[PDB]
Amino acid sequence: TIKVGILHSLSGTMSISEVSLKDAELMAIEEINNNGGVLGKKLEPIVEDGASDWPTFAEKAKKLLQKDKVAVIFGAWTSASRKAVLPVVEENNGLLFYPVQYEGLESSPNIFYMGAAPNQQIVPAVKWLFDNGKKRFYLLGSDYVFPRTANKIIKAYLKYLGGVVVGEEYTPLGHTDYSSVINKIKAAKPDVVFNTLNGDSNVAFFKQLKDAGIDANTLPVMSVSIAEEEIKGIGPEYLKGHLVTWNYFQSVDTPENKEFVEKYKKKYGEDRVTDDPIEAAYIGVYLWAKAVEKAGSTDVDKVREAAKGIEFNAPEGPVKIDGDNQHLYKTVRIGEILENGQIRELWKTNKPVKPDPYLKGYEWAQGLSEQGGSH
């Protein structure tokens, strides 16, 4: 067999988000094994709990690479967990397939990024909001590197467009008391809240937000780290009318997505939903396996070379590994949450967008990463 690692938060504040990623990866593995496996071998998943603990993510990655001798690790969600795994896969010349939207400003040669780069999510989210009258942003997120960097990007883009930030607050991951933040929002009276909270902190915020008398008609919240899965956990009654930006919705009308959702529901239950992180985790297993097949080997250097330019008929639409940076070409979509927790798409790119993690195509994003070179 060919052993593959699965490294996700199965416990802790992030487990609301990451458990269904392990499910999506195992489904793709089961599908590939039933079709004859890879290089004549079956895939054997080694599942490890990251426990929403970034030191634990690092030690588990070291064990999977050095002890279990996996060929690849599928996992991580928070950029804190990814950046904890980054030195491990780089030092061991391992591979991490990372399925979660994030802040960009990174391009490890040992990470394949299946989630949105900022030009494929956060940046067009701001532009669409601005173009639709939202000028005064209130920034709320969790206190770690992704929301801090995301809000750094958002402020620079808002300065370019002509908008302002009238509030900025951070809470530790797993925080549950949002009355103080909500009271500040009530006083500031912003046009929109841009929400970068991650994990089950979102359960507490959106419940306390509605209980405080605020609904989506009075103050829309645009979220980038929750989707259909978390919406079902929080409760669609607390999210109806609020906004998300992703590359994929369960409601996407493609033949590929129709098959994907039925298969996911057939395996895990008719009540189960799919969303963008779930799609990216499923995509990531298929793309890695396709690179191994093309390379004729699980050797990381050979897999890295073969993965350049590989395409996939993904549920969201056509995707492709960008050889420049090991990110994915993805379609951008913005939608509003429906009463049943599904997304009604309001806007999208007419084609997949090339990933641009360092925002090289955005003239206003010059000194954001502070890193030298051509990136």
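Note that residue numbering begins at 1 and tracks the sequence as displayed.
If you average the C-alpha B-factors over 257-265 and over 198-206, the higher value belongs to 257-265.
According to the PDB record, 298-306 carries the higher mean C-alpha B-factor of the two stretches 241-249 and 298-306. Residues shown: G341, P45, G335, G40. Highest C-alpha temperature factor in the entry: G40. Highest C-alpha temperature factor among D275, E103, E230, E270, as the PDB entry reports it: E270. The deposited CA B-factor of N325 belongs to the middle third of values across its chain. Sorting the modelled residues of the chain by their CA temperature factor places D177 in the highest third.
Ranked within its chain, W128 lands in the middle third, by CA B factor from the PDB record.
Among the modelled residues of its chain, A51 has a C-alpha B-factor that falls in the highest third according to the deposited record.
Ranked by Cα temperature factor within the chain, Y138 sits in the lowest third according to the deposited record.
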